(Lines of atoms letter the chains of each structure in order from A and count residues from 1; the text may use other names and numbers.)
(Lines give C-alpha, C1' and ligand atoms only; values in the text may rest on other atoms or scores of the structure.)
Protein backbone atom coordinates (compact mmCIF):
# COMPACT_ATOMS: atom_id res chain seq x y z
CA UNK A 1 0.00 0.00 0.00
CA UNK A 2 1.02 3.61 -0.56
CA UNK A 3 0.73 4.44 3.16
CA UNK A 4 2.65 2.41 5.73
CA UNK A 5 0.23 3.17 8.54
CA UNK A 6 -3.25 4.62 8.98
CA UNK A 7 -4.14 5.72 12.50
CA UNK A 8 -7.81 6.31 13.30
CA UNK A 9 -8.68 8.42 16.31
CA UNK A 10 -11.76 10.32 17.48
CA UNK A 11 -9.73 13.47 18.08
CA UNK A 12 -6.66 14.98 16.45
CA UNK A 13 -5.04 18.19 17.70
CA UNK A 14 -2.72 19.14 14.82
CA UNK A 15 -1.40 22.35 16.47
CA UNK A 16 -1.08 23.83 12.97
CA UNK A 17 -4.27 23.91 10.88
CA UNK A 18 -4.18 23.04 7.17
CA UNK A 19 -10.38 27.20 12.18
CA UNK A 20 -11.12 24.86 15.10
CA UNK A 21 -8.14 23.59 17.11
CA UNK A 22 -9.30 19.99 16.84
CA UNK A 23 -10.43 17.47 14.23
CA UNK A 24 -13.23 14.96 14.76
CA UNK A 25 -13.04 11.43 13.32
CA UNK A 26 -10.05 12.10 11.10
CA UNK A 27 -7.14 9.79 10.48
CA UNK A 28 -3.40 10.18 10.00
CA UNK A 29 -1.63 8.55 7.07
CA UNK A 30 2.09 7.95 7.42
CA UNK A 31 4.68 6.81 4.86
CA UNK A 32 8.44 6.47 5.35
CA UNK A 33 8.13 8.25 8.70
CA UNK A 34 6.36 11.18 7.07
CA UNK A 35 2.80 12.45 7.46
CA UNK A 36 1.18 11.87 4.03
CA UNK A 37 -2.22 13.27 4.92
CA UNK A 38 -4.76 14.00 7.61
CA UNK A 39 -8.31 13.33 6.38
CA UNK A 40 -11.85 12.51 7.52
CA UNK A 41 -12.05 8.76 8.18
CA UNK A 42 -15.25 8.40 6.16
CA UNK A 43 -13.84 10.19 3.11
CA UNK A 44 -10.37 8.62 3.17
CA UNK A 45 -9.33 6.74 0.03
CA UNK A 46 -5.69 6.09 0.82
CA UNK A 47 -5.09 2.37 1.53
CA UNK A 48 -2.57 1.52 4.23
CA UNK A 49 -0.40 -1.50 4.87
CA UNK A 50 -1.37 -1.43 8.56
CA UNK A 51 -4.31 0.25 10.28
CA UNK A 52 -4.67 1.13 13.98
CA UNK A 53 -8.08 1.87 15.50
CA UNK A 54 -7.59 3.97 18.65
CA UNK A 55 -11.19 5.02 19.34
CA UNK A 56 -11.69 7.65 22.07
CA UNK A 57 -8.11 8.95 22.09
CA UNK A 58 -6.42 12.22 21.14
CA UNK A 59 -3.57 12.23 18.63
CA UNK A 60 -1.29 15.24 18.86
CA UNK A 61 2.38 16.03 18.19
CA UNK A 62 4.78 14.45 20.67
CA UNK A 63 6.13 16.98 23.17
CA UNK A 64 9.35 18.87 22.54
CA UNK A 65 11.10 19.12 25.90
CA UNK A 66 13.23 22.12 25.04
CA UNK A 67 15.62 22.16 28.00
CA UNK A 68 17.04 19.36 30.11
CA UNK A 69 19.99 17.33 31.34
CA UNK A 70 18.92 13.83 30.61
CA UNK A 71 21.63 11.90 32.44
CA UNK A 72 20.81 13.74 35.70
CA UNK A 73 17.91 11.32 35.92
CA UNK A 74 20.46 9.41 38.04
CA UNK A 75 20.50 12.34 40.49
CA UNK A 76 16.67 12.29 40.77
CA UNK A 77 15.76 14.11 43.99
CA UNK A 78 19.40 13.97 45.05
CA UNK A 79 19.00 16.83 47.56
CA UNK A 80 15.59 18.48 47.76
CA UNK A 81 14.48 21.57 49.67
CA UNK A 82 17.81 23.39 49.76
CA UNK A 83 18.93 26.86 48.50
CA UNK A 84 20.60 26.99 45.09
CA UNK A 85 24.00 27.46 46.73
CA UNK A 86 23.99 24.52 49.13
CA UNK A 87 22.32 22.39 46.46
CA UNK A 88 25.16 23.09 44.01
CA UNK A 89 28.19 23.22 46.30
CA UNK A 90 27.42 20.43 48.75
CA UNK A 91 25.48 18.02 46.50
CA UNK A 92 25.32 18.45 42.74
CA UNK A 93 28.90 19.55 41.96
CA UNK A 94 30.65 16.95 44.11
CA UNK A 95 28.33 14.28 42.69
CA UNK A 96 29.13 15.44 39.17
CA UNK A 97 32.88 15.60 39.76
CA UNK A 98 32.86 12.12 41.26
CA UNK A 99 30.36 10.14 39.17
CA UNK A 100 29.77 11.66 35.75
CA UNK A 101 31.60 9.81 32.96
CA UNK A 102 30.66 8.14 29.66
CA UNK A 103 29.00 5.22 31.43
CA UNK A 104 26.99 7.51 33.74
CA UNK A 105 25.74 9.54 30.79
CA UNK A 106 24.83 6.47 28.74
CA UNK A 107 22.79 4.80 31.47
CA UNK A 108 21.29 8.07 32.71
CA UNK A 109 20.18 9.15 29.26
CA UNK A 110 18.57 5.73 28.61
CA UNK A 111 16.66 6.07 31.87
CA UNK A 112 15.53 9.61 31.00
CA UNK A 113 14.55 8.65 27.49
CA UNK A 114 12.39 5.79 28.70
CA UNK A 115 10.60 8.12 31.16
CA UNK A 116 10.12 10.71 28.44
CA UNK A 117 8.71 8.33 25.84
CA UNK A 118 6.28 6.94 28.46
CA UNK A 119 5.03 10.49 29.01
CA UNK A 120 4.62 11.35 25.32
CA UNK A 121 7.87 13.23 24.62
CA UNK A 122 9.28 12.72 21.11
CA UNK A 123 12.11 15.31 21.08
CA UNK A 124 14.36 16.28 23.98
CA UNK A 125 16.99 18.98 24.29
CA UNK A 126 20.00 18.01 26.38
CA UNK A 127 22.73 20.27 27.78
CA UNK A 128 25.21 18.08 29.58
CA UNK A 129 28.57 16.35 29.69
CA UNK A 130 29.53 13.60 27.22
CA UNK A 131 26.90 14.52 24.58
CA UNK A 132 28.08 11.67 22.34
CA UNK A 133 26.85 9.19 24.96
CA UNK A 134 23.54 11.02 25.16
CA UNK A 135 23.24 11.20 21.39
CA UNK A 136 24.08 7.52 21.01
CA UNK A 137 21.39 6.52 23.52
CA UNK A 138 18.89 8.66 21.60
CA UNK A 139 19.85 6.84 18.39
CA UNK A 140 19.38 3.37 19.87
CA UNK A 141 16.06 4.37 21.48
CA UNK A 142 14.70 6.01 18.32
CA UNK A 143 13.85 9.34 19.99
CA UNK A 144 14.63 12.74 18.38
CA UNK A 145 17.31 14.71 20.25
CA UNK A 146 19.14 18.03 20.21
CA UNK A 147 22.32 17.70 22.27
CA UNK A 148 23.68 21.14 23.12
CA UNK A 149 27.29 20.26 23.86
CA UNK A 150 28.36 22.22 26.96
CA UNK A 151 30.74 25.13 26.84
CA UNK A 152 32.16 26.63 30.03
CA UNK A 153 35.08 28.86 31.00
CA UNK A 154 36.03 26.55 33.91
CA UNK A 155 37.58 23.03 34.02
CA UNK A 156 35.56 19.86 34.54
CA UNK A 157 36.45 16.23 33.91
CA UNK A 158 34.81 16.59 30.51
CA UNK A 159 36.94 19.53 29.37
CA UNK A 160 39.63 21.87 30.71
CA UNK A 161 38.74 25.16 29.02
CA UNK A 162 36.43 26.90 26.56
CA UNK A 163 38.46 25.93 23.49
CA UNK A 164 38.34 22.27 24.48
CA UNK A 165 34.59 22.37 25.17
CA UNK A 166 34.18 23.87 21.69
CA UNK A 167 36.49 21.28 20.13
CA UNK A 168 34.45 18.44 21.54
CA UNK A 169 31.21 20.03 20.34
CA UNK A 170 32.65 20.22 16.80
CA UNK A 171 33.83 16.60 17.05
CA UNK A 172 30.42 15.48 18.28
CA UNK A 173 28.59 17.33 15.50
CA UNK A 174 30.91 15.74 12.95
CA UNK A 175 30.44 12.29 14.45
CA UNK A 176 26.64 12.57 14.20
CA UNK A 177 26.72 13.92 10.65
CA UNK A 178 28.58 10.73 9.74
CA UNK A 179 27.05 8.16 12.09
CA UNK A 180 25.74 5.06 10.24
CA UNK A 181 22.66 5.02 12.53
CA UNK A 182 21.92 8.73 12.04
CA UNK A 183 21.08 8.92 8.33
CA UNK A 184 17.56 10.12 9.22
CA UNK A 185 18.93 13.05 11.23
CA UNK A 186 17.10 12.18 14.48
CA UNK A 187 20.06 13.47 16.46
CA UNK A 188 21.32 17.02 16.06
CA UNK A 189 24.28 18.52 17.92
CA UNK A 190 24.38 22.16 19.06
CA UNK A 191 26.39 24.49 21.32
CA UNK A 192 25.36 24.83 24.96
CA UNK A 193 27.21 27.73 26.58
CA UNK A 194 25.87 27.46 30.13
CA UNK A 195 25.34 31.15 30.93
CA UNK A 196 26.73 34.64 30.34
CA UNK A 197 28.42 34.51 33.75
CA UNK A 198 30.27 31.24 33.03
CA UNK A 199 31.32 31.88 29.40
CA UNK A 200 33.47 34.78 28.15
CA UNK A 201 32.95 36.99 25.08
CA UNK A 202 35.62 35.32 22.95
CA UNK A 203 34.21 31.75 23.12
CA UNK A 204 30.71 33.19 22.63
CA UNK A 205 31.79 34.84 19.37
CA UNK A 206 33.49 31.62 18.26
CA UNK A 207 30.20 29.84 18.94
CA UNK A 208 28.31 32.35 16.77
CA UNK A 209 30.69 31.82 13.84
CA UNK A 210 30.84 28.04 14.23
CA UNK A 211 27.08 27.80 14.79
CA UNK A 212 26.57 29.50 11.42
CA UNK A 213 29.23 27.54 9.51
CA UNK A 214 28.07 24.14 10.77
CA UNK A 215 24.31 24.88 10.95
CA UNK A 216 24.13 24.14 14.68
CA UNK A 217 21.55 25.43 17.18
CA UNK A 218 22.67 27.31 20.32
CA UNK A 219 21.15 27.29 23.82
CA UNK A 220 22.07 29.48 26.80
CA UNK A 221 20.61 30.49 30.17
CA UNK A 222 19.45 34.09 30.16
CA UNK A 223 18.24 36.13 33.13
CA UNK A 224 17.51 33.11 35.32
CA UNK A 225 18.05 35.02 38.59
CA UNK A 226 18.13 38.57 39.95
CA UNK A 227 21.68 37.84 41.06
CA UNK A 228 22.94 37.11 37.53
CA UNK A 229 21.43 40.33 36.19
CA UNK A 230 22.88 42.46 39.00
CA UNK A 231 26.25 40.74 38.60
CA UNK A 232 26.27 41.52 34.88
CA UNK A 233 25.38 45.17 35.55
CA UNK A 234 28.31 45.44 37.97
CA UNK A 235 30.78 43.65 35.72
CA UNK A 236 29.72 44.87 32.25
CA UNK A 237 27.41 47.78 33.07
CA UNK A 238 24.81 45.98 30.94
CA UNK A 239 21.97 43.52 31.46
CA UNK A 240 23.03 40.14 30.10
CA UNK A 241 20.51 40.56 27.24
CA UNK A 242 22.36 43.74 26.30
CA UNK A 243 25.79 42.16 26.58
CA UNK A 244 24.81 39.30 24.25
CA UNK A 245 23.02 41.61 21.82
CA UNK A 246 26.06 43.91 21.60
CA UNK A 247 28.38 41.10 20.54
CA UNK A 248 25.82 39.81 18.04
CA UNK A 249 25.34 36.51 19.90
CA UNK A 250 21.53 36.57 19.94
CA UNK A 251 19.73 35.44 16.80
CA UNK A 252 16.96 33.11 15.63
CA UNK A 253 18.89 29.90 16.22
CA UNK A 254 19.55 30.74 19.90
CA UNK A 255 17.18 29.59 22.64
CA UNK A 256 17.33 31.46 25.96
CA UNK A 257 16.39 29.43 29.01
CA UNK A 258 14.47 30.73 32.05
CA UNK A 259 14.22 34.51 31.62
CA UNK A 260 12.56 35.18 34.98
CA UNK A 261 13.97 38.74 35.11
CA UNK A 262 12.34 40.77 32.34
CA UNK A 263 12.08 44.47 31.53
CA UNK A 264 10.85 46.36 28.47
CA UNK A 265 14.38 46.70 27.11
CA UNK A 266 14.83 42.93 27.27
CA UNK A 267 11.62 42.43 25.30
CA UNK A 268 12.72 44.88 22.58
CA UNK A 269 16.10 43.14 22.31
CA UNK A 270 14.35 39.78 22.02
CA UNK A 271 11.94 41.07 19.38
CA UNK A 272 14.90 42.51 17.45
CA UNK A 273 17.11 39.40 17.51
CA UNK A 274 14.45 36.74 16.99
CA UNK A 275 15.65 34.46 19.81
CA UNK A 276 13.33 32.02 21.63
CA UNK A 277 12.55 31.73 25.34
CA UNK A 278 12.41 28.32 27.00
CA UNK A 279 10.09 28.33 30.04
CA UNK A 280 10.91 25.95 32.93
CA UNK A 281 8.25 26.81 35.54
CA UNK A 282 8.66 24.00 38.03
CA UNK A 283 12.43 24.32 38.23
CA UNK A 284 12.12 28.11 38.57
CA UNK A 285 9.67 27.65 41.46
CA UNK A 286 11.66 24.83 43.09
CA UNK A 287 14.90 26.82 43.16
CA UNK A 288 13.15 30.15 43.86
CA UNK A 289 14.49 31.70 40.63
CA UNK A 290 11.41 33.80 39.95
CA UNK A 291 8.42 33.99 37.60
CA UNK A 292 8.86 34.07 33.83
CA UNK A 293 6.08 36.39 32.60
CA UNK A 294 5.03 34.25 29.66
CA UNK A 295 1.73 36.10 29.31
CA UNK A 296 3.60 39.36 28.80
CA UNK A 297 6.15 37.68 26.54
CA UNK A 298 3.38 36.07 24.51
CA UNK A 299 1.54 39.37 24.03
CA UNK A 300 4.86 40.76 22.75
CA UNK A 301 5.04 37.96 20.17
CA UNK A 302 8.19 36.40 21.66
CA UNK A 303 8.56 32.75 20.57
CA UNK A 304 8.04 30.56 23.65
CA UNK A 305 8.82 26.92 24.49
CA UNK A 306 8.76 24.64 27.51
CA UNK A 307 11.35 22.50 29.29
CA UNK A 308 11.40 20.37 32.44
CA UNK A 309 15.02 21.08 33.34
CA UNK A 310 16.89 18.21 35.04
CA UNK A 311 15.63 15.51 37.44
CA UNK A 312 17.55 17.05 40.39
CA UNK A 313 15.44 20.22 40.19
CA UNK A 314 12.01 19.10 39.07
CA UNK A 315 12.12 16.16 39.72
CA UNK A 316 10.38 14.42 36.83
CA UNK A 317 10.49 14.72 33.05
CA UNK A 318 6.71 14.84 32.61
CA UNK A 319 5.69 17.46 30.02
CA UNK A 320 1.99 16.98 30.81
CA UNK A 321 2.62 18.21 34.32
CA UNK A 322 5.09 20.92 33.19
CA UNK A 323 2.68 22.33 30.58
CA UNK A 324 -0.17 22.35 33.13
CA UNK A 325 2.05 24.23 35.59
CA UNK A 326 2.96 26.70 32.85
CA UNK A 327 -0.70 27.35 31.93
CA UNK A 328 -1.82 27.70 35.57
CA UNK A 329 1.11 29.74 36.85
CA UNK A 330 0.73 32.21 33.98
CA UNK A 331 -2.85 33.07 34.94
CA UNK A 332 -1.76 33.75 38.50
CA UNK A 333 1.31 35.75 37.50
CA UNK A 334 -0.54 37.87 34.93
CA UNK A 335 -3.64 38.06 37.14
CA UNK A 336 -5.61 37.06 34.04
CA UNK A 337 -7.67 33.88 33.88
CA UNK A 338 -7.72 33.99 30.07
CA UNK A 339 -3.93 34.23 29.71
CA UNK A 340 -2.11 31.26 28.11
CA UNK A 341 -5.22 29.24 27.16
CA UNK A 342 -4.82 25.48 26.77
CA UNK A 343 -4.20 25.55 22.96
CA UNK A 344 -1.39 28.07 23.50
CA UNK A 345 0.19 25.94 26.27
CA UNK A 346 0.08 22.88 24.01
CA UNK A 347 1.59 24.91 21.17
CA UNK A 348 4.52 26.06 23.34
CA UNK A 349 5.09 22.47 24.46
CA UNK A 350 5.22 21.14 20.91
CA UNK A 351 5.70 23.54 17.96
CA UNK A 352 7.25 26.21 20.23
CA UNK A 353 9.97 23.76 21.24
CA UNK A 354 10.50 22.66 17.64
CA UNK A 355 10.97 26.31 16.56
CA UNK A 356 13.29 27.02 19.51
CA UNK A 357 15.56 24.09 18.61
CA UNK A 358 15.56 24.96 14.91
CA UNK A 359 13.61 21.86 13.83
CA UNK A 360 10.10 23.24 13.20
CA UNK A 361 10.51 22.62 9.47
CA UNK A 362 10.43 18.87 10.15
CA UNK A 363 8.57 18.37 13.45
CA UNK A 364 6.36 19.91 16.13
CA UNK A 365 2.98 19.94 14.43
CA UNK A 366 0.86 17.50 12.46
CA UNK A 367 1.15 18.76 8.90
CA UNK A 368 1.47 16.77 5.68
CA UNK A 369 5.17 16.58 4.92
CA UNK A 370 6.39 16.80 8.53
CA UNK A 371 7.80 13.88 10.51
CA UNK A 372 5.39 11.43 12.15
CA UNK A 373 6.32 12.39 15.74
CA UNK A 374 3.02 11.57 17.39
CA UNK A 375 1.52 10.73 20.77
CA UNK A 376 -1.86 9.12 21.47
CA UNK A 377 -3.68 9.94 24.71
CA UNK A 378 -6.42 7.62 25.95
CA UNK A 379 -9.37 9.58 27.41
CA UNK A 380 -11.41 6.58 28.51
CA UNK A 381 -10.29 6.83 32.11
CA UNK A 382 -12.16 7.98 35.23
CA UNK A 383 -10.09 11.10 35.88
CA UNK A 384 -10.59 12.37 32.28
CA UNK A 385 -14.37 11.90 32.13
CA UNK A 386 -16.60 13.58 31.28
CA UNK A 387 -14.89 15.59 28.56
CA UNK A 388 -16.25 18.82 27.04
CA UNK A 389 -13.15 20.13 25.24
CA UNK A 390 -10.29 17.66 24.78
CA UNK A 391 -7.87 20.52 24.09
CA UNK A 392 -8.24 21.95 27.57
CA UNK A 393 -8.42 18.47 29.13
CA UNK A 394 -4.93 17.80 27.72
CA UNK A 395 -3.67 20.66 29.87
CA UNK A 396 -5.90 20.67 32.97
CA UNK A 397 -6.77 17.00 33.75
CA UNK A 398 -4.62 14.50 31.88
CA UNK A 399 -2.07 12.17 33.46
CA UNK A 400 1.02 11.22 31.43
CA UNK A 401 0.18 7.56 32.01
CA UNK A 402 -2.73 8.03 29.62
CA UNK A 403 -0.25 8.05 26.73
CA UNK A 404 -0.99 4.78 24.95
CA UNK A 405 1.23 5.07 21.86
CA UNK A 406 4.22 7.06 20.67
CA UNK A 407 5.79 7.25 17.22
CA UNK A 408 8.96 9.08 16.16
CA UNK A 409 9.66 9.27 12.46
CA UNK A 410 6.72 6.88 12.18
CA UNK A 411 8.45 4.26 14.31
CA UNK A 412 6.50 2.96 17.31
CA UNK A 413 8.50 3.57 20.51
CA UNK A 414 5.55 2.91 22.84
CA UNK A 415 2.82 0.38 22.11
CA UNK A 416 -0.15 0.15 24.47
CA UNK A 417 1.86 1.88 27.19
CA UNK A 418 4.84 -0.46 26.75
CA UNK A 419 8.32 0.62 25.60
CA UNK A 420 9.51 -1.14 22.45
CA UNK A 421 13.19 -0.15 22.28
CA UNK A 422 14.12 0.01 25.97
CA UNK A 423 13.77 -2.49 28.82
CA UNK A 424 12.10 -0.96 31.86
CA UNK A 425 13.29 -3.58 34.37
CA UNK A 426 16.88 -3.28 33.20
CA UNK A 427 16.85 0.52 33.42
CA UNK A 428 15.44 0.40 36.94
CA UNK A 429 18.14 -2.06 38.04
CA UNK A 430 20.79 0.26 36.64
CA UNK A 431 19.21 3.25 38.37
CA UNK A 432 19.27 1.43 41.70
CA UNK A 433 22.88 0.43 41.16
CA UNK A 434 23.85 4.05 40.56
CA UNK A 435 21.83 5.24 43.55
CA UNK A 436 23.81 2.84 45.75
CA UNK A 437 27.10 3.99 44.24
CA UNK A 438 26.12 7.64 44.73
CA UNK A 439 24.77 7.02 48.24
CA UNK A 440 27.66 4.88 49.54
CA UNK A 441 30.75 4.85 47.29
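Numbering follows the first chain given and starts at 1.
- Unmodelled deposited residues between residue 18 and residue 19: 4 to 9, per the record.
- Annotation for 344-352 versus 190-198: the higher mean temperature factor (C-alpha) is found in 190-198.
- Higher mean CA B-factor, judged across 254-262 and 176-184 from the recorded values: 176-184.
- Across 37, 395, 54, 66, the greatest Cα temperature factor reported in the deposited entry is at 37.
- In this structure the maximum Cα B-factor among 154, 130, 124, 75 is found at 154.
- Per-chain ranking of the deposited C-alpha B factor places residue 48 in the highest third.
- Ranked by C-alpha B-factor against the other modelled residues of its chain, residue 104 falls in the middle third.
- Ranked by C-alpha B-factor against the other modelled residues of its chain, residue 405 falls in the lowest third.
- Residue-level temperature factors show residue 320 in the lowest third of its chain, judged at the C-alpha atom.
- Looking at the C-alpha B-factors along this chain, the one for residue 307 belongs to the lowest third.
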